[PDB]
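First, one chain by itself in structure tokens, the form deposited without 7-bromo-5-methyl-1H-indole-2,3-dione (2AK).
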């Protein structure tokens, strides 16, 4: 059951959060954040720049000093703090869900039942890791005792995108805080508000000042300042493959900080002839259209075996046409607006290219409302591998359906991409499932499902979809610095 929303939630936090206190930008500049359902300004937000990043980094470094409350704190207590944060988020779940919808556009029902649920599960999962990520005692040759300490990497710059504002904040804060790091986080200008409210809850939960610092602002300013900072030890970035490059170059051009990246994809969703048709159609719809199509791993190349192609397309068109686009606070709404005007225009551009290059437009193809950034659920059939809409990540409600004949053929075509974030296989056959999951060059392969995220299982890209993994035990690796201590002993024995 979904509690009724406040469709116009008050904003309480709209500044820079450093040392558990709220700050205007050094410059006093602010930027508007807009409600994409209406195109209207929600509020002004402090416009952080390099000087604000510098204040944040110094606060973080101070909190990380040997002997500080955060460094001395029992690991188990970091877990308690994470669990307390989750409880406060749960207390404020309807507010956060409404604010998320207001600022991002996703349906409130989904904000409440999905994003907020996943946030809680992520924070709670990582809370349990805080005191369990052991180093090693090692049977080295000779008269020595050798062991490893798993220490925190240090001051962690985290730049997060607008598509799942709260969930991405949690995917970043969970592992970083579980491992004893400190954070300078840059949130998306499209969706700064929910992360800043969470900062208030971080303070309420009792995290020492400077442990989490949040700097709203723009990428070429605030994000760049983080990536290039001489006292930031590690940077994590999620966004486009384009800005990804800028990050890795800045790390190399500054202090050789450690880098992980989560970038785009053009993920293949492969429907074999023996798939359960009803399930495959529904899941392929979800795979593409979930979150207004704004998902890093959207199943944006739907490959369908020729024998079932005609029926699959027919069912897929019927399902896209039934999808309800509208006010994301309305319980019936399945699809909200796209996040902002830039994305709106980009998607319309991709739709135009699909028409121009001769993909068969089967439904949708245009704007879905006279106000707000709403786009009709759009399906192109008879898509070919060389088409722009088969190659580039659209990040909107635009489905590509491609026909194939053999399992060998589809592997090659699926893997013929510079991306490799995710893939899926729909089939009843044991051998086909195993053949495909091994052969597909992707970070996650879903079998008879899609977008199944568990805090327990890692996620991240092959190839130019990024590097490193988030979630699960793996998500702790980028947040750990390993120290070997090797001690002379009188006489080593087994």
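Residue numbers count along the first chain shown, from 1.
Note that the form deposited with 7-bromo-5-methyl-1H-indole-2,3-dione (2AK) bound isn't included here; everything after this is about it.
K.L.:
By the heavy atom within 4.5 Å rule, which residue out of 31, 64, 453, 435 makes contact with 7-bromo-5-methyl-1H-indole-2,3-dione (2AK) in the bound PDB entry?
P.N.:
When 7-bromo-5-methyl-1H-indole-2,3-dione (2AK) is considered in the bound PDB entry, the option within 4.5 Å is 453.
K.L.:
Scan 127, 176, 168, 214 and let me know which has any heavy atom within 4.5 Å of 7-bromo-5-methyl-1H-indole-2,3-dione (2AK) in the bound PDB entry.
P.N.:
Looking at 127, 176, 168, 214 one by one, just 168 meets the 4.5 Å heavy-atom criterion.
K.L.:
Could you tell me which of 82-90, 289-297, 203-211, 400-408 sits within 4.5 Å of 7-bromo-5-methyl-1H-indole-2,3-dione (2AK) in the bound PDB entry, going by non-hydrogen atoms?
P.N.:
Stretch with heavy atoms near the partner: 289-297.
K.L.:
State yes or no: in the bound PDB entry, is some non-hydrogen atom of residue 312 no more than 4.5 angstroms from a non-hydrogen atom of 7-bromo-5-methyl-1H-indole-2,3-dione (2AK)?
P.N.:
Heavy-atom contact with 7-bromo-5-methyl-1H-indole-2,3-dione (2AK) at 4.5 Å: absent for residue 312.
K.L.:
Closest heavy atom of residue 459 to 7-bromo-5-methyl-1H-indole-2,3-dione (2AK) in the bound PDB entry, within 4.5 Å or not?
P.N.:
Contact with 7-bromo-5-methyl-1H-indole-2,3-dione (2AK), yes.
K.L.:
Since only the chain is shown here, I'm wondering whether residue 303 would be in contact with 7-bromo-5-methyl-1H-indole-2,3-dione (2AK) in the bound PDB entry (any heavy atom pair within 4.5 Å).
P.N.:
Flag for residue 303 set to no.
K.L.:
Taking 7-bromo-5-methyl-1H-indole-2,3-dione (2AK) as it sits in the bound PDB entry, is residue 108 in contact with it (heavy atom to heavy atom, 4.5 Å or less)?
P.N.:
Although 7-bromo-5-methyl-1H-indole-2,3-dione (2AK) is absent here, residue 108 would stay clear of it in the bound PDB entry, with no heavy atoms inside 4.5 Å.
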